[PDB]
């Protein structure tokens, strides 16, 4: 099974004038590798793919791949609505040296099931990389159902996992039973911090979740405790992860919150976010701070 464990959706650090901040992104990447994560995911939702142009995304991905320098597996988010661009971005990722791509379903038009299957098959045909699907129905308005995902895994042998971003134990459970039941090494990762523990206990593989940016140790240490058989210890970290997502209510999008938390937790980076996100106000920054203090994370 590929891309298991803790794989943060890495924030892209931008300068005050909206440019890729290479020193700050590079520092964050190094912090996360030092924290013992099992891979890194660039240009996910949290990485602001949807507010970046295609050439911008290529530049980011190349930089991030090159900086990681094969120390851990790298995933690149190459999706969007423009299917031709998805193929371009995904071929570019393979050419630049990525280890896999993560592809959401198109999220403007909710295309027919035939078109959707076709789309994923075409993307998967465009590269020899492993492809991780990305379900986020609260944003896409179209669920990648367990049956559909199994149909995709059946169709293309490089469709090898999913980031299932949904506050649903049933959806995770059923994704695992249905897809992993047919394909024991297909990877199921949850997209929310507070579902990591359950995802493991259900027979899934890990998480790609925002707290990997500012508190990776909590997930890293949970996974380690789980793999060590120290279930009580894992449960202790879970209690923390249960509380973290309160923070994400502070704004929408909450990309600003995540970057502010990176700062509060000891890594000073520019917190600039791309429109239509906006900077987090001071009152909510302090609120973030008290939540992190309460959980003993800064």
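Numbering follows the first chain given and starts at 1.
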Revision key, fill the gap. Avg C-alpha B-factor, entry values, 49 to 57 vs 261 to 269, higher side is 261 to 269
Revision key, fill the gap. Looking only at C-alpha temperature factors in the entry, 224 to 232 or 147 to 155, the higher average sits in 224 to 232
Check your understanding: Per the coordinate record, which of the options 173, 163, 183, 195 holds the highest CA temperature factor?
Key -> 183
Study note, to complete from the structure: The third of the chain into which the C-alpha temperature factor of residue 96 falls is the highest
Check your understanding: Sorting the chain's CA B-factors, does residue 85 end up in the lowest, middle or highest third?
Key -> middle
Check your understanding: Within this chain, which third does the Cα B-factor at residue 241 fall in: lowest, middle or highest?
Key -> lowest
Practice item. Ordered by C-alpha B-factor within the chain, which third holds residue 12? Give me lowest, middle or highest, please. Key: middle
Practice item. State the tercile, meaning the lowest, middle or highest third, of residue 276 with respect to the CA B-factors recorded for its chain. Key: lowest
